[PDB]
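Enquirer: The sequence isn't on hand, but the structure is:
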RNA sequence: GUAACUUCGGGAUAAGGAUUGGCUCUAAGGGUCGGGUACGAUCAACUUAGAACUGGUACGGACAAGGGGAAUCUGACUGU
RNA sequence: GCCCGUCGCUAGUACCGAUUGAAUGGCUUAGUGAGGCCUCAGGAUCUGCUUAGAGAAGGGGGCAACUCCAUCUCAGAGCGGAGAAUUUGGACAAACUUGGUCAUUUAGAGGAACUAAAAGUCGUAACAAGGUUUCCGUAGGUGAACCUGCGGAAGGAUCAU
RNA sequence: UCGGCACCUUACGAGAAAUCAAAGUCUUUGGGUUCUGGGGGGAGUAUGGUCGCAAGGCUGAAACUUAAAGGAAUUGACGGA
RNA sequence: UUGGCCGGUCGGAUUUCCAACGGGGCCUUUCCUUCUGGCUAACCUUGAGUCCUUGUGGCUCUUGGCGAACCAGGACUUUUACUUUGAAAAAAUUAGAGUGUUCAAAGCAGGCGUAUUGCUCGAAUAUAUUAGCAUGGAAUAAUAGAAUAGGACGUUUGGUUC
RNA sequence: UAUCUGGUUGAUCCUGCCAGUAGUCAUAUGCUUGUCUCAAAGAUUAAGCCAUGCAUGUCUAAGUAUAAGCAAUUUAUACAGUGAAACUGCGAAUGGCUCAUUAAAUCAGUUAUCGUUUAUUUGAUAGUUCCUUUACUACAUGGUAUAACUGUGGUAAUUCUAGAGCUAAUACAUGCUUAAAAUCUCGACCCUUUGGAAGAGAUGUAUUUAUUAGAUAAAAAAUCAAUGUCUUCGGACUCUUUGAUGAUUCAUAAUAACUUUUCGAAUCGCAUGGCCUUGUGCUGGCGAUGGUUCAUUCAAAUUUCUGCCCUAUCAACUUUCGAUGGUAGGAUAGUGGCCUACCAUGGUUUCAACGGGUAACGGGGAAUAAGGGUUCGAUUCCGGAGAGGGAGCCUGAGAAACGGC
Ligand SMILES: [Mg+2]
Ligand SMILES: [Mg+2]
Ligand SMILES: [Mg+2]
Ligand SMILES: [Mg+2]
Ligand SMILES: [Mg+2]
Ligand SMILES: [Mg+2]
Ligand SMILES: [Mg+2]
Ligand SMILES: [Mg+2]
Ligand SMILES: [Mg+2]
Ligand SMILES: [Mg+2]
Ligand SMILES: [Mg+2]
Ligand SMILES: [Mg+2]
Ligand SMILES: [Mg+2]
Ligand SMILES: [Mg+2]
Ligand SMILES: [Mg+2]
Ligand SMILES: [Mg+2]
Ligand SMILES: [Mg+2]
Ligand SMILES: [Mg+2]
Ligand SMILES: [Mg+2]
Ligand SMILES: [Mg+2]
Ligand SMILES: [Mg+2]
Ligand SMILES: [Mg+2]
Ligand SMILES: [Mg+2]
Ligand SMILES: [Mg+2]
Ligand SMILES: [Mg+2]
Ligand SMILES: [Mg+2]
Ligand SMILES: [Mg+2]
Ligand SMILES: [Mg+2]
Ligand SMILES: [Mg+2]
Ligand SMILES: [Mg+2]
Ligand SMILES: [Mg+2]
Ligand SMILES: [Mg+2]
Ligand SMILES: [Mg+2]
Ligand SMILES: [Mg+2]
Ligand SMILES: [Mg+2]
Ligand SMILES: [Mg+2]
Ligand SMILES: [Mg+2]
Ligand SMILES: [Mg+2]
């Protein structure tokens, strides 16, 4: 997200307290702030060499990942910088001594470091309430192949 | 609700005070103080239920209002004063110095000490952090703030507090092979120093401990209190040294000394 | 916002209920002009939505312009 | 022998039913909209200074360097504070009125049933080849059990040319 | 020999029996899965929805009433067998 | 771990004398993702000497010693379910140890002298599910991997960033 | 304590319910009732209505006493003991009672606050107070303005109060004295330049903003603003302070300021020491009570994951009066559609959403039980809600409080 409309907004989108001194020409021309969220969750390079803002990003923004870390499959990417993921599980009734498929849907903030899509298993980490519903931010995207290189039109 | 509660229901008390179910509807609520409500021991519980000096809670008032008890060298005339772990309790008359330590059952021992050991105490370092004007301070398990420590003192260690001037005399580092007093849960009152410490970056660090009889027992790090080197405790240990004799062994000893 | 009933086309503008001026603005919505064997001059129209301010709370300001509902009989209807 | 109905006696239970039937609870388009809060004002009072005008009171080193903190009778051009009633605008919003809608409860002349139920009257539809083999779906007809057409089944009165 | 419609004999088994190589491998109870039933009536009724031009179809009660209704076989009795 | 036999303690320590369970390692073609620096390996390597009366049960300043007998970073991570173990799990209640409330329901008391300067035991533990955390297993039940090879392995090119 | 038995028939064997049987910490009711222990008790129906009385007040040597109170002092002519009243402070936000709402809501276990507030407790913590210093004001100690009270009154009546006059503070409002150095900024007094200086101010802590530091893989070098403080004028300079967390724009510290400038003791009891300029001079102990911040403790708020009864004669719900998200603001104690403005079209559902019922508060738990289950839980503990219904608010750390408005 180095390019392609960082500023499309009524307010000026910038990181808080990151002063770009205009006199001193240091050969980066925009200081960028990042952190690691902890717990082995790497800071992706497209956050470092990308130039999105995302005040709710776990790396470049002002949210701290702490609490539960969950995993789930992305089902819906039709908001802006937010997804809902499906947490499928089995629930056990003791009378039948058997299990039932339940699920809960969890809306998760996606940083614009990642390029998620539906059907992607993804690692999400708890934060403060981002929205009315969102409490989790994507800390790691666990899609590897997706079986999509063997399906298109052939000679 | 609407704010802080002032009452403790009996049978909502912490169980390790051994309060009888009947003969009174209410428990002594621990006041605000150095130790938590469920980790403390009010002076009325000490002076009437553990020492049997007072019959009522009114004679606990008649003792504290003659400047008799002193916790950590200071009198503390509160009846429900929350004296907790490692607290030295001095009685001037009777000349008795006690140190509130856990017996192996998970309760509070009626454990006398002497004056050179009553002159100090131990405190587990809760946090190390710079205070204002840059002054470093360390926080102990009884909430004491002591400024300018040794820079080697980190969290989960133990410092020896001089208790007259509340000064760090020396400190026991938290490392392998050093006497761990487990201070919470079902393992409450168990010693044994180490196996190792497992990290769990994310929360709830766990510490493996194996006592004199080589019984390993895993405990969370937040229940760990370091009280010395291998052997050589920095305080007098209670009558039983925190070994956890099982009930088969416990029935074996009591029959071994009831026929003399 | 809108019922019963219905031949499912209607009933229906059902019933009910808010708004409407003036002024100063804002926002959309066009046409003609152009490329290398990361571009805006130019003109024109009245619709719609929004905002503020304003006033003896007036505002479809004259004019113009459905009263409505629940039932019964009777002829299906338009027409004569 | 058993058994089916029609009709009739008594008693009970629900169902439809004119009555825009009634009652409680909502919930909601709308209209009015208290009160407190915040806010635009307000300024009865109830004060502390101080005056360039008599305010009958030295300019706080001193009555020659346009430089040294300075108060009574009243209007005050100098201020400054506290400030009650009242008021504007909001936002929260009780409550009232009206309509829509939902759900529960309750009244109803009367109609259409079921049961107690074995007993009355009429026929005998089923059970025997029950005297027209029975039953099922459908249609039409009959005081009525039913009858009749069409197709089915055998739980048939035929396991068989 | 493969597959099918059946049948015959026996009954290891099954069932209350009539019977059944499936209706067996079931208190020595678990191969997988769908639908249905919970004493008889009221009643496939009322109401509501839904489908159909309608006849009606699908879904589908409760109040109330009842001590038996039913299944299979035995012996009799009776048959305009 | 049953014990297991000097029965010498008038049928009462003991032990490879063993068999069956229960684990841990090593090798047989056998993952243990990984380079760093504090371990200096049950010392892969045994200068110097075995004053004990014969064995395969009892040692030193060592020839730079797989610096790999755990502490914090990655060229670092296919995910579950299941099950074991453990924390953390309020008490009361329930199960349940102790204890003559005279018994018992209960309660958490109590017990013992020299009762004169008083001694002392307790107030256990299990279960407390399902979810969450750590943990050992890797059968069973899934899931994923290399087929248009955009495959895996390579300690001694470092390009537009770092 | 893994048990069945009576009832269909002339008789049999079944399906099958009816009936018996036994508990109930499960209610009512009938009959009867001597002892001892133990003890639920207006939940159901009406969270319907309430007469009366009580249920929340509080004083130590340690805030304020001229009672015209009492005792009657202990150089005690400021007071000295006791103390009604009243002011001040604190409490009244706990308890207790009830279960009406409330079906992912509460609640239970389990996370989070790196998303915040917090009286009290406990531990620490404050030499700077000078407006613009070369325009300081009692600090051996500032002011008015009031209660109680005296006295005069209104009303049938209230825990009503009016006008006048007194008087205190730990109430209210002002306001100083407790070093010394550094380091910046300004600054009358640098000739042929790697050429300074008395003085003058500021620098505690709160506030609010901006900027900086809060570090790190081990070692080597020759050029170009740079002789970057390389000394026989090139005898290559021999050199890193920085806490914590898994993770930060954390703790902390610094620079420039900003503020209807917060705090930095005009307070009280007891004991009256010691020293030499004997002046009632200077230092002086143990406390009490206030106070700023940071931790602690009691909490509070919101929060992750998972779990609740029946119904599809409830299949589509939410989005004009936020629905789901983004961006910014406002508000908050803070996160956040919490609200507002603009923009996008989301979010949920046959794995039962949305809706309807509940004589539904949730849990610990209780009754029955071979095992599995079934049913209850208003109710001695814990969490929630409510004080007739709603709504709003003051005070206070804490209430949308009801023995407050
Ligand atoms: Mg949002
Ligand atoms: Mg309460
Ligand atoms: Mg109209
Ligand atoms: Mg009409
Ligand atoms: Mg006509
Ligand atoms: Mg005609
Ligand atoms: Mg006609
Ligand atoms: Mg006509
Ligand atoms: Mg006949
Ligand atoms: Mg016939
Ligand atoms: Mg026949
Ligand atoms: Mg039949
Ligand atoms: Mg064949
Ligand atoms: Mg039935
Ligand atoms: Mg049906
Ligand atoms: Mg119908
Ligand atoms: Mg017993
Ligand atoms: Mg029965
Ligand atoms: Mg007697
Ligand atoms: Mg009642
Ligand atoms: Mg009750
Ligand atoms: Mg009730
Ligand atoms: Mg009442
Ligand atoms: Mg006193
Ligand atoms: Mg009570
Ligand atoms: Mg207090
Ligand atoms: Mg005081
Ligand atoms: Mg936003
Ligand atoms: Mg935002
Ligand atoms: Mg915002
Ligand atoms: Mg209820
Ligand atoms: Mg419950
Ligand atoms: Mg309950
Ligand atoms: Mg309340
Ligand atoms: Mg208060
Ligand atoms: Mg209220
Ligand atoms: Mg109350
Ligand atoms: Mg009340």
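Expert: Sure thing, it's come through. Numbering: from 1, shown residues only, chains lettered A, B, ... in the order given. Ligands and ions are numbered 1, 2, ... in the order given.

Enquirer: any chance you could map the strands in chain A?
Expert: Along chain A, counting by DSSP state E, strands occupy A:69-76, A:82-93, A:98-109, A:121-126, A:136-141.

Enquirer: Buried residues of the helix or strand hosting residue B:218, list them for me.
Expert: According to DSSP states H and E, residue B:218 maps onto strand B:216-220. By 16 or more other C-beta atoms under 10 Å in any protein chain shown, the buried positions in strand B:216-220 come out as B:217, B:219-220. To be clear about C-beta, it is placed using only N, CA and C from the backbone, and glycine gets the same treatment.

Enquirer: winner for burial among the strands of chain A?
Expert: Mean neighbours per residue, mean count of other C-beta atoms under 10 Å in any protein chain shown, is largest over the strands of chain A for strand A:136-141, with a mean of 24.

Enquirer: if you look at that one, does any of it touch chain B?
Expert: No: interface with chain B: strand A:136-141 contributes nothing (C-beta under 8 Å from any C-beta of the partner chain), its closest point being 12.2 Å away.

Enquirer: RNA strand F contacts on chain B?
Expert: Counting by C-beta under 7 Å from any atom of the strand, the residues of chain B lying close to RNA strand F are B:11-15, B:18, B:20-22, B:105-107, B:182, B:184-188, B:196-200, B:204, B:206, B:217-220, B:223, B:239, B:247, B:250-251, B:254.

Enquirer: number of nearby residues for residue A:134?
Expert: 21 (other C-beta atoms under 10 Å in any protein chain shown).

Enquirer: Give me the phi and psi for it.
Expert: The phi/psi pair for residue A:134 (degrees, to the nearest 10) reads phi -70, psi 130.

Enquirer: Contacts only, for it.
Expert: A:82, A:107-109 (C-beta atoms under 8 Å, 6 or more residues apart in numbering or on different chains).

Enquirer: Can you spell out which helices and strands pack onto the longest strand belonging to chain B?
Expert: Counting by DSSP E, the longest strand found in chain B is strand B:121-130. For strand B:121-130, the contact count by 3 or more C-beta pairs under 8 Å, 6 or more residues apart in numbering or on different chains; DSSP states H and E identifies strand B:136-140, strand B:158-161, strand B:224-226 as packing neighbours.

Enquirer: Those strands into a markdown table, with extra columns for distance to residue B:115 and mean neighbour count?
Expert: As requested, these are exported to a markdown table (distance: least, C-beta to C-beta, whole Å; neighbours: other C-beta atoms under 10 Å in any protein chain shown):
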| stretch | distance to residue B:115 | mean neighbour count |
| --- | --- | --- |
| strand B:136-140 | 22 | 19 |
| strand B:158-161 | 16 | 23 |
| strand B:224-226 | 23 | 21 |
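
Enquirer: Of those, which is nearest RNA strand G?
Expert: RNA strand G lies closest, by C-beta to the nearest atom of the strand, to one member of the helices and strands packed on strand B:121-130: strand B:136-140, at 3.8 Å.

Enquirer: Describe which strands the helix or strand following that closest one pairs with in its sheet and in which direction.
Expert: Once the chain leaves strand B:136-140, the next helix or strand it forms, by DSSP H and E, is strand B:145-147. Here strand B:145-147 has these sheet partners by DSSP bridges: strand B:136-140 (antiparallel).

Enquirer: still on that earlier bit, which of the contacts of residue A:134 come close to RNA strand G?
Expert: Okay, of those touching RNA strand G (C-beta under 7 Å from any atom of the strand), that's A:82, A:107, A:109.

Enquirer: Nearest to residue B:120 among those?
Expert: Residue B:120 lies nearest to residue A:109 out of those, by C-beta to C-beta, at 52.2 Å.

Enquirer: for the residue lying closest to that closest one once chain neighbours are set aside, which residues make a bridge with it?
Expert: In space, residue A:109 comes closest to residue A:137 once its chain neighbours are excluded; the distance is 4.5 Å by C-beta to C-beta, 6 or more residues apart in numbering or on different chains. Taking DSSP bridges, one obtains residue A:109, residue A:125 as the residues bridged to residue A:137.

Enquirer: Residue A:137 against residue A:125, yeah?
Expert: Yes: at 6.1 Å, residue A:137 and residue A:125 qualify as touching, with contact defined as C-beta atoms under 8 Å.

Enquirer: Find residues that contact each of these two.
Expert: Common neighbours of residue A:137 and residue A:125, using C-beta under 8 Å, 6+ apart, are A:58, A:65.

Enquirer: Spell out which parts of the stretch 51-200 of chain B neighbour RNA strand G.
Expert: Residues of the stretch 51-200 of chain B lying near RNA strand G (C-beta under 7 Å from any atom of the strand): B:74, B:76, B:82, B:126-134, B:136-137, B:139, B:142-147, B:151, B:154-155, B:166.

Enquirer: how about a cut-off of 6 Å?
Expert: By the rule C-beta under 6 Å from any atom of the strand, the part of the stretch 51-200 of chain B lying against RNA strand G is B:74, B:128-134, B:137, B:139, B:143-145, B:147, B:154-155, B:166.

Enquirer: For the residue in chain A positioned nearest to RNA strand G, give its distance to residue A:26.
Expert: Across chain A, the shortest distance to RNA strand G (C-beta to the nearest atom of the strand) belongs to residue A:38, at 2.6 Å. According to C-beta to C-beta, to the nearest Å, residue A:38 stands 29 Å off from residue A:26.
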